[PDB]
file coords_21.tsv (TSV, C-alpha atoms and all ligand atoms)
chain	number	residue	atom	x	y	z
A	843	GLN	CA	-15.22	11.22	17.64
A	844	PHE	CA	-13.37	14.47	16.85
A	845	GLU	CA	-14.96	17.96	17.12
A	846	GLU	CA	-15.24	19.71	13.80
A	847	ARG	CA	-14.67	23.18	15.36
A	848	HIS	CA	-11.16	22.23	16.64
A	849	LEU	CA	-10.01	20.59	13.34
A	850	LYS	CA	-7.81	23.07	11.35
A	851	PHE	CA	-6.43	22.51	7.85
A	852	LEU	CA	-2.77	22.45	7.13
A	853	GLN	CA	-1.71	20.97	3.90
A	854	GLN	CA	-2.66	18.30	1.61
A	855	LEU	CA	-1.26	14.92	1.62
A	856	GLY	CA	-2.61	12.59	-0.98
A	857	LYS	CA	-5.53	13.53	-3.27
A	858	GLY	CA	-8.22	11.40	-4.90
A	859	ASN	CA	-9.08	9.60	-6.81
A	860	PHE	CA	-12.29	9.20	-4.81
A	861	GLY	CA	-10.57	10.39	-1.62
A	862	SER	CA	-8.11	12.86	-0.02
A	863	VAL	CA	-5.88	13.03	3.06
A	864	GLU	CA	-5.06	16.34	4.72
A	865	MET	CA	-2.65	17.36	7.46
A	866	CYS	CA	-4.73	19.02	10.19
A	867	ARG	CA	-4.26	20.40	13.69
A	868	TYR	CA	-6.51	19.23	16.43
A	869	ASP	CA	-6.62	22.11	18.57
A	870	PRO	CA	-9.34	22.35	21.03
A	871	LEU	CA	-7.90	24.80	23.39
A	872	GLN	CA	-7.50	26.89	20.16
A	873	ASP	CA	-4.11	27.88	21.69
A	874	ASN	CA	-2.31	26.55	18.58
A	875	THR	CA	-0.55	23.92	20.70
A	876	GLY	CA	-2.12	20.84	19.25
A	877	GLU	CA	-1.80	17.30	17.99
A	878	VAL	CA	-1.27	16.99	14.23
A	879	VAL	CA	-3.59	14.37	12.67
A	880	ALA	CA	-4.18	12.90	9.20
A	881	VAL	CA	-7.77	13.50	7.96
A	882	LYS	CA	-9.29	11.42	5.12
A	883	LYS	CA	-12.49	12.65	3.39
A	884	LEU	CA	-14.68	11.72	0.35
A	885	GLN	CA	-13.89	13.53	-2.95
A	886	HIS	CA	-17.27	12.94	-4.64
A	887	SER	CA	-19.48	11.39	-1.89
A	888	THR	CA	-22.34	9.19	-3.02
A	889	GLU	CA	-24.33	6.45	-1.55
A	890	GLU	CA	-22.01	3.69	-2.73
A	891	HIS	CA	-18.90	5.68	-1.75
A	892	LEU	CA	-20.28	6.40	1.75
A	893	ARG	CA	-21.08	2.68	2.31
A	894	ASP	CA	-17.50	1.92	1.04
A	895	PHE	CA	-15.91	4.65	3.26
A	896	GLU	CA	-17.81	3.24	6.31
A	897	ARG	CA	-16.38	-0.25	5.56
A	898	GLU	CA	-12.85	1.36	5.33
A	899	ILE	CA	-13.33	3.10	8.72
A	900	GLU	CA	-14.34	-0.27	10.28
A	901	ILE	CA	-11.33	-2.01	8.63
A	902	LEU	CA	-8.82	0.48	10.14
A	903	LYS	CA	-10.62	0.67	13.51
A	904	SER	CA	-10.29	-3.17	13.74
A	905	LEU	CA	-6.46	-2.98	13.17
A	906	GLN	CA	-3.88	-2.61	16.01
A	907	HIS	CA	-0.30	-3.42	14.96
A	908	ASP	CA	3.19	-1.76	15.06
A	909	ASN	CA	3.20	-1.80	11.21
A	910	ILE	CA	-0.30	-0.33	10.57
A	911	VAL	CA	-1.18	3.43	10.71
A	912	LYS	CA	-3.14	4.11	13.95
A	913	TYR	CA	-6.89	4.72	13.65
A	914	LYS	CA	-7.74	7.79	15.79
A	915	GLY	CA	-11.47	8.25	15.22
A	916	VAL	CA	-14.08	9.96	13.04
A	917	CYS	CA	-15.35	13.51	12.61
A	918	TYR	CA	-19.06	13.99	11.90
A	919	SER	CA	-18.44	17.24	10.19
A	920	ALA	CA	-20.74	19.96	8.66
A	921	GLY	CA	-22.83	19.23	11.84
A	922	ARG	CA	-23.11	15.46	11.72
A	923	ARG	CA	-23.96	15.42	8.02
A	924	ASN	CA	-20.46	14.59	6.68
A	925	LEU	CA	-18.05	11.80	7.57
A	926	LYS	CA	-14.23	12.13	7.83
A	927	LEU	CA	-11.63	9.60	9.02
A	928	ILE	CA	-8.99	10.57	11.62
A	929	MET	CA	-5.64	8.72	11.48
A	930	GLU	CA	-2.23	9.45	13.06
A	931	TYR	CA	0.04	11.85	11.14
A	932	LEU	CA	3.54	10.58	10.25
A	933	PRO	CA	6.03	13.49	9.69
A	934	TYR	CA	8.43	11.35	7.54
A	935	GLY	CA	5.62	10.79	4.94
A	936	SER	CA	5.47	7.98	2.34
A	937	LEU	CA	8.30	5.41	2.05
A	938	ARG	CA	8.39	6.32	-1.68
A	939	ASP	CA	9.38	9.98	-0.99
A	940	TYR	CA	11.58	8.99	2.02
A	941	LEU	CA	13.68	6.59	-0.15
A	942	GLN	CA	13.75	9.14	-3.04
A	943	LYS	CA	15.32	11.73	-0.68
A	944	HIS	CA	17.72	9.65	1.51
A	945	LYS	CA	18.82	6.99	-1.02
A	946	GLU	CA	22.58	7.27	-0.24
A	947	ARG	CA	21.94	6.74	3.52
A	948	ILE	CA	19.49	3.78	3.17
A	949	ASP	CA	21.55	0.63	2.63
A	950	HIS	CA	20.36	-2.94	1.78
A	951	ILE	CA	20.13	-3.94	5.51
A	952	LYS	CA	17.67	-1.07	5.97
A	953	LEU	CA	15.49	-1.90	2.91
A	954	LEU	CA	15.06	-5.47	4.21
A	955	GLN	CA	13.98	-4.23	7.66
A	956	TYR	CA	11.23	-2.14	5.94
A	957	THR	CA	10.43	-5.16	3.65
A	958	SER	CA	10.05	-7.43	6.75
A	959	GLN	CA	7.83	-4.89	8.58
A	960	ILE	CA	5.48	-4.67	5.52
A	961	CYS	CA	5.26	-8.56	5.58
A	962	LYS	CA	4.31	-8.52	9.31
A	963	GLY	CA	1.58	-5.89	8.85
A	964	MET	CA	0.42	-7.96	5.84
A	965	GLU	CA	0.36	-11.13	8.04
A	966	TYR	CA	-1.84	-9.34	10.56
A	967	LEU	CA	-4.30	-8.37	7.81
A	968	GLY	CA	-4.54	-12.02	6.72
A	969	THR	CA	-5.48	-12.79	10.31
A	970	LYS	CA	-8.63	-10.74	9.87
A	971	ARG	CA	-9.19	-12.03	6.28
A	972	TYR	CA	-8.54	-8.58	4.77
A	973	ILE	CA	-7.25	-8.20	1.18
A	974	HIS	CA	-5.40	-4.93	0.73
A	975	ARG	CA	-5.47	-4.89	-3.09
A	976	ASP	CA	-3.20	-1.78	-3.27
A	977	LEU	CA	0.33	-2.62	-2.00
A	978	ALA	CA	2.77	0.08	-3.32
A	979	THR	CA	5.60	2.15	-1.66
A	980	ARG	CA	3.42	5.29	-1.88
A	981	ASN	CA	0.92	3.46	0.42
A	982	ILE	CA	3.63	2.69	3.05
A	983	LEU	CA	4.52	5.39	5.67
A	984	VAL	CA	7.74	6.03	7.64
A	985	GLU	CA	7.26	6.49	11.42
A	986	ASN	CA	11.03	6.81	12.04
A	987	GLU	CA	14.36	5.80	10.39
A	988	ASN	CA	13.82	2.22	11.81
A	989	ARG	CA	10.03	1.78	11.23
A	990	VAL	CA	7.44	1.62	8.38
A	991	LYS	CA	3.60	1.30	8.47
A	992	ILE	CA	0.97	0.33	5.87
A	993	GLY	CA	-0.73	3.75	5.55
A	994	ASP	CA	-3.91	3.36	3.40
A	995	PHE	CA	-6.85	0.88	3.24
A	996	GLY	CA	-9.04	2.55	0.56
A	997	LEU	CA	-9.32	-0.64	-1.57
A	998	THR	CA	-9.20	-3.18	1.33
A	999	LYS	CA	-11.76	-6.04	1.19
A	1000	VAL	CA	-13.08	-8.64	3.66
A	1001	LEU	CA	-13.09	-12.20	2.29
A	1002	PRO	CA	-16.47	-14.00	2.72
A	1003	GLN	CA	-16.30	-16.79	5.27
A	1004	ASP	CA	-14.21	-19.55	3.79
A	1005	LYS	CA	-13.64	-17.74	0.50
A	1006	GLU	CA	-10.12	-17.62	-0.79
A	1007	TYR	CA	-10.71	-14.80	-3.22
A	1008	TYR	CA	-13.02	-11.84	-3.79
A	1009	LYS	CA	-13.98	-11.04	-7.31
A	1010	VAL	CA	-14.46	-7.32	-7.51
A	1011	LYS	CA	-15.40	-5.67	-10.74
A	1012	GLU	CA	-14.82	-1.92	-10.60
A	1013	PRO	CA	-15.09	0.85	-13.20
A	1014	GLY	CA	-12.28	3.41	-13.65
A	1015	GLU	CA	-8.52	3.05	-13.12
A	1016	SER	CA	-6.58	0.19	-11.54
A	1017	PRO	CA	-2.81	0.11	-10.71
A	1018	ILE	CA	-2.37	-2.54	-13.49
A	1019	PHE	CA	1.43	-2.63	-13.11
A	1020	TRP	CA	1.18	-3.91	-9.46
A	1021	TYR	CA	-1.64	-6.44	-10.27
A	1022	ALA	CA	-1.34	-10.24	-10.27
A	1023	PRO	CA	-2.29	-11.90	-13.68
A	1024	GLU	CA	-5.56	-13.37	-12.23
A	1025	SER	CA	-6.50	-9.90	-10.93
A	1026	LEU	CA	-6.06	-8.54	-14.51
A	1027	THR	CA	-7.85	-11.48	-16.21
A	1028	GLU	CA	-10.67	-12.33	-13.76
A	1029	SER	CA	-10.84	-9.43	-11.21
A	1030	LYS	CA	-9.81	-11.98	-8.55
A	1031	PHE	CA	-8.14	-10.61	-5.41
A	1032	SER	CA	-6.64	-12.79	-2.69
A	1033	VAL	CA	-3.84	-12.94	-0.09
A	1034	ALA	CA	-1.79	-14.51	-2.96
A	1035	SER	CA	-2.49	-11.46	-5.23
A	1036	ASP	CA	-1.27	-9.27	-2.28
A	1037	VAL	CA	1.94	-11.47	-2.20
A	1038	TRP	CA	2.44	-10.70	-5.99
A	1039	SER	CA	2.00	-6.90	-5.34
A	1040	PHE	CA	4.39	-7.16	-2.33
A	1041	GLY	CA	6.96	-8.61	-4.78
A	1042	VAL	CA	6.52	-5.41	-6.88
A	1043	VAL	CA	6.92	-3.34	-3.64
A	1044	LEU	CA	10.26	-5.13	-2.95
A	1045	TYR	CA	11.29	-4.33	-6.59
A	1046	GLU	CA	10.44	-0.61	-5.94
A	1047	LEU	CA	12.75	-0.54	-2.84
A	1048	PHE	CA	15.69	-1.97	-4.75
A	1049	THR	CA	15.35	0.41	-7.70
A	1050	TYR	CA	15.56	3.18	-5.02
A	1051	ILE	CA	12.51	4.91	-6.63
A	1052	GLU	CA	14.61	5.77	-9.76
A	1053	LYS	CA	11.98	6.99	-12.32
A	1054	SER	CA	13.26	5.21	-15.50
A	1055	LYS	CA	13.33	1.99	-13.40
A	1056	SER	CA	9.71	2.17	-12.10
A	1057	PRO	CA	7.33	-0.80	-12.82
A	1058	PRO	CA	5.23	1.31	-15.33
A	1059	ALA	CA	8.40	2.49	-17.18
A	1060	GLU	CA	9.84	-1.06	-17.29
A	1061	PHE	CA	6.60	-2.80	-18.45
A	1062	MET	CA	5.82	-0.06	-21.06
A	1063	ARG	CA	9.41	-0.47	-22.38
A	1064	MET	CA	8.72	-4.29	-22.68
A	1065	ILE	CA	5.18	-3.72	-24.15
A	1066	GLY	CA	6.18	-0.81	-26.47
A	1067	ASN	CA	5.79	2.83	-25.38
A	1068	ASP	CA	3.57	3.73	-28.35
A	1069	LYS	CA	0.66	1.58	-27.15
A	1070	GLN	CA	-2.45	3.22	-25.74
A	1071	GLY	CA	-5.59	2.26	-23.96
A	1072	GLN	CA	-6.67	-1.34	-24.00
A	1073	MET	CA	-3.70	-2.58	-26.07
A	1074	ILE	CA	-1.47	-1.96	-22.95
A	1075	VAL	CA	-3.61	-4.41	-20.85
A	1076	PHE	CA	-3.76	-7.15	-23.61
A	1077	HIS	CA	0.04	-6.97	-23.96
A	1078	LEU	CA	0.62	-6.82	-20.17
A	1079	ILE	CA	-1.53	-9.97	-19.64
A	1080	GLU	CA	0.13	-11.94	-22.51
A	1081	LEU	CA	3.64	-10.89	-21.33
A	1082	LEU	CA	2.94	-11.89	-17.67
A	1083	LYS	CA	1.27	-15.24	-18.49
A	1084	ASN	CA	4.33	-16.28	-20.60
A	1085	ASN	CA	6.71	-15.28	-17.77
A	1086	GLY	CA	7.79	-11.79	-18.80
A	1087	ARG	CA	8.89	-10.14	-15.54
A	1088	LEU	CA	10.41	-6.94	-14.15
A	1089	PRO	CA	14.26	-6.98	-14.56
A	1090	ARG	CA	16.62	-7.36	-11.60
A	1091	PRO	CA	17.42	-3.81	-10.28
A	1092	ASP	CA	21.06	-2.62	-10.58
A	1093	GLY	CA	23.08	-3.77	-7.57
A	1094	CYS	CA	20.18	-5.84	-6.13
A	1095	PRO	CA	21.56	-9.15	-4.72
A	1096	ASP	CA	20.43	-12.35	-6.44
A	1097	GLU	CA	18.79	-13.83	-3.32
A	1098	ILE	CA	16.61	-10.66	-2.96
A	1099	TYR	CA	15.52	-10.88	-6.62
A	1100	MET	CA	14.64	-14.62	-6.19
A	1101	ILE	CA	12.19	-13.51	-3.43
A	1102	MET	CA	10.55	-11.10	-5.98
A	1103	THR	CA	10.37	-13.91	-8.62
A	1104	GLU	CA	8.74	-16.44	-6.21
A	1105	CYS	CA	6.06	-13.79	-5.42
A	1106	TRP	CA	5.59	-13.41	-9.23
A	1107	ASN	CA	4.35	-16.97	-9.76
A	1108	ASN	CA	1.46	-17.53	-12.21
A	1109	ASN	CA	0.39	-20.38	-9.90
A	1110	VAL	CA	-1.59	-18.60	-7.11
A	1111	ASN	CA	-1.20	-21.74	-4.85
A	1112	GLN	CA	2.62	-21.75	-5.28
A	1113	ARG	CA	3.17	-18.16	-4.04
A	1114	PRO	CA	4.85	-17.94	-0.59
A	1115	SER	CA	2.77	-16.85	2.44
A	1116	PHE	CA	3.55	-13.52	4.21
A	1117	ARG	CA	4.81	-15.55	7.24
A	1118	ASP	CA	7.34	-17.42	4.94
A	1119	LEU	CA	8.51	-14.04	3.53
A	1120	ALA	CA	8.95	-12.31	6.95
A	1121	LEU	CA	11.00	-15.37	8.12
A	1122	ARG	CA	13.28	-15.48	5.04
A	1123	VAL	CA	13.84	-11.68	5.01
A	1124	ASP	CA	14.59	-11.62	8.79
A	1125	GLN	CA	17.02	-14.57	8.43
A	1126	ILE	CA	18.82	-12.80	5.51
A	1127	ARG	CA	19.09	-9.56	7.61
A	1128	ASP	CA	20.26	-11.62	10.66
A	1129	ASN	CA	22.81	-13.55	8.52
A	1130	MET	CA	24.18	-10.10	7.47
A	1131	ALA	CA	23.98	-8.23	10.86
A	1132	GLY	CA	24.25	-10.79	13.75
B	1201	LIG	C1	2.01	11.31	2.06
B	1201	LIG	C2	1.49	11.08	3.42
B	1201	LIG	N1	2.05	11.47	4.51
B	1201	LIG	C3	1.24	11.03	5.53
B	1201	LIG	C4	1.40	11.11	6.91
B	1201	LIG	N2	0.54	10.53	7.74
B	1201	LIG	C5	-0.49	9.87	7.20
B	1201	LIG	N3	-1.46	9.19	7.86
B	1201	LIG	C6	-2.33	8.67	6.97
B	1201	LIG	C7	-1.94	8.97	5.72
B	1201	LIG	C8	-0.74	9.75	5.84
B	1201	LIG	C9	0.18	10.36	4.98
B	1201	LIG	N4	0.39	10.42	3.62
B	1201	LIG	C10	-0.37	9.80	2.54
B	1201	LIG	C11	-0.37	8.29	2.61
B	1201	LIG	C12	-1.09	7.71	1.43
B	1201	LIG	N5	-2.34	8.33	1.01
B	1201	LIG	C13	-2.32	9.77	1.14
B	1201	LIG	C14	-1.77	10.33	2.40
call {"tool": "encode", "arguments": {"input": "coords_21.tsv", "output": "structure tokens"}}
result
Amino acid sequence: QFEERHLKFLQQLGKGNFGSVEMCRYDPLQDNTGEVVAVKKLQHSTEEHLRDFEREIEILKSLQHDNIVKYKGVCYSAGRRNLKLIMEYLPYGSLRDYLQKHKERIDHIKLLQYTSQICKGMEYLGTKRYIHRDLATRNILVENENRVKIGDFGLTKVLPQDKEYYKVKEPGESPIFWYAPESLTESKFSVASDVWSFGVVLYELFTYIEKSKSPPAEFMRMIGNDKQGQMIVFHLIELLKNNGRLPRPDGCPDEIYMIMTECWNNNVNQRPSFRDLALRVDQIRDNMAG
């Protein structure tokens, strides 16, 4: 529970899109010597959005792991008539921007360490039966040069007891290019569909966030760049189901690409678990370093 009077705006961070994160100073001396926090708020609050935002707050509050952005609290702002989420602020920002800026510096050994940390945070989510549904480098944060955290849980879902999947049908936009085929065809989300998206995340790291090599640019190039609207989806589905995949990024080792391909399996049941992935990645790193 943060006091609204001591919460001062700084900059924006990520806009919604049904939500927005700001950089704020928590400064309740008012001295201007204060802790910098990340503040999430509703962009177009409504009854369904508030119920959804409350679920998101409970999701993050329930998570305590080295590879998950720390939940700080809530602010009952505009005098206990508005709800805002308080999370820790990470100066290094998104992994996406971090890798775009320091690409020379960040070598393969380093990308695998980040890859492994994402797996571990993903493993912990599975422990609580949470489906992230939105794995992407822009949703991963850098704490320091040696550590990454999963930084957003806006689309996160709790699986019903003993359910393997959650069918969610939503209006509006979806990050189609990070979706598993069954998520595109039947709105089915599961740990396995998070494994598929993780495979796309690994692809993003190895392309070093080079624009012309991004999953949307690569799929559109395979689909045909002319296509608009619904025709993109039809073509994406047909391509994926008949094993059309993202190409191997330039200079990416074959063993690392094989990991990506195993995650991109049309058979949900045949996709590796996050524990299998963290083990393989850590062994590869260890068989390079140690
Ligand atoms: C871009 C960015 N930098 C952040 C630092 N700390 C944060 N703590 C929580 C978010 C968060 C930050 N973000 C993004 C992450 C993805 N959604 C928008 C904000």
call {"tool": "residues_around", "arguments": {"input": "coords_21.tsv", "residues": "region 934-946 of chain A", "least_positions_apart": "5", "cutoff": "10 Å", "atoms": "all atoms listed in the file", "output": "PyMOL selection string"}}
result
chain A and resi 855-856+953+956+978-987+990-993+1043+1046-1053
call {"tool": "atom_distance", "arguments": {"input": "coords_21.tsv", "atom1": "CA of residue 1098 (chain A)", "atom2": "CA of residue 1120 (chain A)"}}
result
12.6 Å
call {"tool": "closest_residue", "arguments": {"input": "coords_21.tsv", "among": "A:1087, A:1127, A:882, A:974", "to": "ligand LIG 1201 (chain B)", "atoms": "all atoms listed in the file"}}
result
A:882
call {"tool": "residues_near_point", "arguments": {"input": "coords_21.tsv", "point": "(-5.1, 21.6, 21.1)", "cutoff": "12 Å", "atoms": "all atoms listed in the file", "output": "PDB file with C-alpha atoms, keeping the file's coordinate frame"}}
result
ATOM      1  CA  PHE A 844     -13.370  14.470  16.850  1.00  0.00           C
ATOM      2  CA  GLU A 845     -14.960  17.960  17.120  1.00  0.00           C
ATOM      3  CA  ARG A 847     -14.670  23.180  15.360  1.00  0.00           C
ATOM      4  CA  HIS A 848     -11.160  22.230  16.640  1.00  0.00           C
ATOM      5  CA  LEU A 849     -10.010  20.590  13.340  1.00  0.00           C
ATOM      6  CA  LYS A 850      -7.810  23.070  11.350  1.00  0.00           C
ATOM      7  CA  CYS A 866      -4.730  19.020  10.190  1.00  0.00           C
ATOM      8  CA  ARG A 867      -4.260  20.400  13.690  1.00  0.00           C
ATOM      9  CA  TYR A 868      -6.510  19.230  16.430  1.00  0.00           C
ATOM     10  CA  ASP A 869      -6.620  22.110  18.570  1.00  0.00           C
ATOM     11  CA  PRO A 870      -9.340  22.350  21.030  1.00  0.00           C
ATOM     12  CA  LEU A 871      -7.900  24.800  23.390  1.00  0.00           C
ATOM     13  CA  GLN A 872      -7.500  26.890  20.160  1.00  0.00           C
ATOM     14  CA  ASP A 873      -4.110  27.880  21.690  1.00  0.00           C
ATOM     15  CA  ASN A 874      -2.310  26.550  18.580  1.00  0.00           C
ATOM     16  CA  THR A 875      -0.550  23.920  20.700  1.00  0.00           C
ATOM     17  CA  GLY A 876      -2.120  20.840  19.250  1.00  0.00           C
ATOM     18  CA  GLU A 877      -1.800  17.300  17.990  1.00  0.00           C
ATOM     19  CA  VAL A 878      -1.270  16.990  14.230  1.00  0.00           C
ATOM     20  CA  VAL A 879      -3.590  14.370  12.670  1.00  0.00           C
TER      21      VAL A 879
END
call {"tool": "residues_around", "arguments": {"input": "coords_21.tsv", "residues": "region 1004-1015 of chain A", "least_positions_apart": "3", "cutoff": "9 Å", "atoms": "all atoms listed in the file", "output": "number ranges by chain"}}
result
A: 973, 999-1001, 1018, 1025, 1028-1034
call {"tool": "residues_around", "arguments": {"input": "coords_21.tsv", "residues": "residue 1066 (chain A)", "least_positions_apart": "6", "cutoff": "12 Å", "atoms": "all atoms listed in the file", "output": "ChimeraX atom specification"}}
result
/A:1058-1060,1073-1075,1077-1078,1081
call {"tool": "atom_distance", "arguments": {"input": "coords_21.tsv", "atom1": "CA of residue 1072 (chain A)", "atom2": "CA of residue 1089 (chain A)"}}
result
23.6 Å
call {"tool": "atom_distance", "arguments": {"input": "coords_21.tsv", "atom1": "CA of residue 1110 (chain A)", "atom2": "CA of residue 1017 (chain A)"}}
result
19.1 Å
call {"tool": "closest_residue", "arguments": {"input": "coords_21.tsv", "among": "A:892, A:917, A:1044, A:927", "to": "ligand LIG 1201 (chain B)", "atoms": "all atoms listed in the file"}}
result
A:927
call {"tool": "closest_residue", "arguments": {"input": "coords_21.tsv", "among": "A:1068, A:1104, A:896, A:976", "to": "ligand LIG 1201 (chain B)", "atoms": "all atoms listed in the file"}}
result
A:976
call {"tool": "closest_residue", "arguments": {"input": "coords_21.tsv", "among": "A:1124, A:887, A:1064, A:1037", "to": "residue 923 (chain A)", "atoms": "only C-alpha atoms"}}
result
A:887
call {"tool": "closest_residue", "arguments": {"input": "coords_21.tsv", "among": "A:901, A:1085, A:931, A:1105", "to": "residue 852 (chain A)", "atoms": "all atoms listed in the file"}}
result
A:931
call {"tool": "closest_residue", "arguments": {"input": "coords_21.tsv", "among": "A:1118, A:1036, A:1128, A:994", "to": "ligand LIG 1201 (chain B)", "atoms": "only C-alpha atoms and all ligand atoms"}}
result
A:994
call {"tool": "decode", "arguments": {"input": "coords_21.tsv", "residues": "region 1070-1090 of chain A", "atoms": "C-alpha atoms", "output": "mmCIF file, in the first residue's frame"}}
result
data_model
loop_
_atom_site.group_PDB
_atom_site.id
_atom_site.type_symbol
_atom_site.label_atom_id
_atom_site.label_comp_id
_atom_site.auth_asym_id
_atom_site.auth_seq_id
_atom_site.Cartn_x
_atom_site.Cartn_y
_atom_site.Cartn_z
ATOM 1 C CA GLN A 1070 -3.664 -7.598 -45.134
ATOM 2 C CA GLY A 1071 -6.070 -8.372 -42.381
ATOM 3 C CA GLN A 1072 -7.387 -11.873 -42.052
ATOM 4 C CA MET A 1073 -5.428 -13.273 -45.025
ATOM 5 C CA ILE A 1074 -2.212 -12.928 -42.875
ATOM 6 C CA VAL A 1075 -3.696 -15.265 -40.170
ATOM 7 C CA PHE A 1076 -5.013 -17.903 -42.714
ATOM 8 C CA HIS A 1077 -1.560 -18.001 -44.355
ATOM 9 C CA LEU A 1078 0.304 -18.007 -40.995
ATOM 10 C CA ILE A 1079 -1.785 -20.999 -39.770
ATOM 11 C CA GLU A 1080 -1.381 -23.007 -43.045
ATOM 12 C CA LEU A 1081 2.394 -22.263 -43.140
ATOM 13 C CA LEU A 1082 2.918 -23.312 -39.470
ATOM 14 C CA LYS A 1083 0.800 -26.507 -39.676
ATOM 15 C CA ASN A 1084 2.846 -27.707 -42.713
ATOM 16 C CA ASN A 1085 6.131 -26.982 -40.875
ATOM 17 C CA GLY A 1086 7.069 -23.553 -42.208
ATOM 18 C CA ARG A 1087 9.360 -22.091 -39.531
ATOM 19 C CA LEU A 1088 11.520 -19.057 -38.739
ATOM 20 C CA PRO A 1089 14.975 -19.380 -40.455
ATOM 21 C CA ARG A 1090 18.177 -20.024 -38.498
#
